[PDB]
Amino acid sequence: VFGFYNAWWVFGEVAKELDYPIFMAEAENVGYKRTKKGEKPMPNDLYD
Amino acid sequence: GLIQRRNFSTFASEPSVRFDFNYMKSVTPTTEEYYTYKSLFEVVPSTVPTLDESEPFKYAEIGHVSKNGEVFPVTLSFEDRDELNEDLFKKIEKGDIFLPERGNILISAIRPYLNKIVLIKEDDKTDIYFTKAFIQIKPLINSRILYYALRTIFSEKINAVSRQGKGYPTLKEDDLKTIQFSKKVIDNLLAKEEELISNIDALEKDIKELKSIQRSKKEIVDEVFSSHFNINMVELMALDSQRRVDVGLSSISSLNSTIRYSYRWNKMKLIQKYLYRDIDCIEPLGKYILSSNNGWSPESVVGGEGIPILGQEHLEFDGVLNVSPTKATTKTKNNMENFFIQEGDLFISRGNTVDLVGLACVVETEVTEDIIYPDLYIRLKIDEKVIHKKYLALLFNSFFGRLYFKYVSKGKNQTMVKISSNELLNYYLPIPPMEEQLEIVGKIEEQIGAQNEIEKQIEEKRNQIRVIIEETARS
DNA sequence: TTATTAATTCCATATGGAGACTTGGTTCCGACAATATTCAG
DNA sequence: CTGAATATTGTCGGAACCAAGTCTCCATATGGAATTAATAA
């Protein structure tokens, strides 16, 4: 499917020619800290 | 195991008529004129104090109390009650709190063998509330004498009445009321007072003075490495808190070679760009590497009969292999010699938490016996003309290696994030001249040697503080 | 005129696992005494 | 009018235990070795 290439040297120029922004972020606390004895509230970095 | 033999009548010792092996390992006919709980101490029923809200009180669980009878309380205040510490306030509201009266002793009820007995000193201020998981006793005899007689001595009779019962080995007030303290052991200590208090007070204040200047094994490495290179440690910890990186499509293949675009890699790039803004001595490590031999990890039994094997707990922030093997195998692989530690070897940890993966250390310890290093160790025979292995290991243990390996460690399971040879070959670390590398090594060798000497004197004092008690009791 | 592949074995090795063992002590349900109740002789 | 017994009100006592911290053997490619091999003078 790739065509007898390493795809890295090709992919570099492919991404150079056509480019779009990409969004990345990290959440540290999700707000539903669960244990085998039930759920517990926590700060929610995803949404409010 | 043990093989004893008891009688039916011995089941009448406790009104709970228990006949478990652990309890009756200690049960035996007695000839000493034993004392009882009535003469020595008095259990004080716990009550819920009326805590004020303006003043920030200090609370302490069992986990906050240390093995050596030190308390590290948490400062809580109803004014700032967030979700992180909401559980503590839930315990307080339920009623698991009590203020110890001055002079009492608080024995932890769960897991007595840890010897987590704390003494509320008659002097000093800022009293701290405790969880009702402790047990209050009011010593009719001198409080310090009973404290020391319970920590050092009687540590096995208290452990001989704990009740496990499908879970936690716990105690009860009745268990303490059942104890059978001896007379000579306690009267010898009580009579020989007014010096067995002065000597212990002097030794304890010496230990406190020694602890007053103690520093961790990571801050020292951080301090000197921050002294060089002019790194703002406060700003580095602020940029590390950012959780928003917006890279482009083009900047995904830059030095990637395997197309990694996870968030960890893209924050690694930002942190590494920030770190080397003013440093210009950086060359890739892959040039100065000759081999990346891994280790061998056979099925090992703890304290077995065979060749010893190291573990991931034997690599410390100092940069010296602890050489304290625990596990032992008896299996062979026809190539045993290649998996034996040797003096001068450079081992990097492969597989740990996100913060403890990549720790490096030089052996620096002449041991004639053969010890296997597991396959979680990467040995890195390198060019001994530019790197000066000790410098490399202590750089890796520093924040210059604790942030790269925190964001390059590949792995689906975040609890065993691992580093491969590719990360080692593609790590851009700062290499100063050979003369400059030696200066740092001397600093964070002499400082840590002084710190270790501090760590040794305190242990010797804490050992003689109980040797004195033992020799005073048995006399 | 051979000996280069490039396939087909085969090794010790690098890599990674919706992990998993070790150590310490924590919540929460269920009683339960003591609230209360509780109607009545 | 002297109850003790059921609304319950807050406290012990355990738990086919269980979070916190952090240390692990092993199945599985794999590829560079071997092998067969076809180049071609």
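Above this note sits the structure.
Residues numbered from 1 in each chain as written, not as in the entry; some residues may be left out. Chains lettered and ligands numbered in written order. Part of a larger assembly, values for the part shown. Heavy atoms only, no water.

J.: Describe the protein's contact with DNA strand D, and please don't skip the residues or the numbers.
T.: Residue and element names in this part refer to chain B. Neighbouring DNA strand D are 26 residues; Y168, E299, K327, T415 and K418 lie closest to it. Within 4 Å of the protein, the contacting atoms of DNA strand D are drawn from sugar and phosphate to the extent of 61%. Residue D375 places a side-chain N or O atom 3.0 Å away from a base nitrogen belonging to DNA strand D. Taken together, the residues of the surface near DNA strand D sort by class into four nonpolar, 11 polar and 11 charged. (Near = heavy atom within 4 Å. Polar contact = N/O pair within 3.5 Å; in protein donor to acceptor, adjacent residues only side chain to side chain. Nonpolar A, V, L, I, M, F, W, Y, C, P; charged D, E, K, R; others polar.)

J.: Would you mind going over the packing of helix α8 (residues 219-227) of chain B against helix α15 (residues 434-473) of chain B in detail, with residue names and values included?
T.: Residue and element names in this part refer to chain B. Two elements in contact, α8 and α15, have axes whose closest approach is 10 Å; the angle formed by their N-to-C orientations is 150°. Viewed along their axes, α8 and α15 adopt a mutual orientation that is roughly antiparallel. In this structure, the crossing between α8 and α15 has a hand that is right-handed. Taken together, the residues of α15 that come into contact with α8 (itself represented by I220, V221, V224, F225 and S227) are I440, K443, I444, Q447, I448 and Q451. Looking at the contact of α8 with α15 residue by residue, the classes come out as seven nonpolar, three polar and one charged. (Axes fitted to C-alpha atoms, helices over the stretch in contact; angles between N-to-C directions. Helix = DSSP H or I, 4+ residues; strand = E, 2+ residues; numbered from the N terminus. Parallel < 35°, antiparallel > 145°, perpendicular 65-115°, else oblique. Left-handed = near helix turned anticlockwise from the far one by under 90°. Contact = heavy atoms within 4.5 Å.)

J.: Could you give an account of the interface of chain A and chain B, naming the residues involved and the relevant values?
T.: When the parts of a complex come together, some accessible area is lost, and that lost area is often taken as the interface size. Taken residue by residue, the interface counts 18 residues in chain A and 18 residues in chain B. Both faces combined, the contact of chain A with chain B buries some 1,800 Å², and carbon together with sulfur accounts for 65% of it. The largest share of the area that chain A buries against chain B comes from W8, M24 and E26 of chain A, three residues that together contribute 36% of it. Between the two partners, chain A and chain B, sit one salt bridge. Seen at the junction of chain A and chain B, the total is seven residue pairs in polar contact. Looking at the side of chain A that touches chain B, the elements that each hand over two or more residues are α1 (8-17) and β1 (24-25) of chain A. (Buried area = accessible area lost by both parts, 1.4 Å probe. Salt bridge = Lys/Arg side-chain N within 4 Å of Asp/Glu carboxyl O.)

J.: Residues and numbers for the environment of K385 of chain B, please.
T.: Residue and element names in this part refer to chain B. Along the chain, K385 falls in the loop between β13 (377-379) and α11 (389-397). For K385, a relative accessible area of 66% corresponds to the exposed category. In this structure, the C-alpha to C-alpha distance between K385 and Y288, residues 97 residues apart in sequence, is 9.4 Å. (Buried < 20%, exposed > 50% of the residue type's maximum accessible area, 1.4 Å probe, protein only.)

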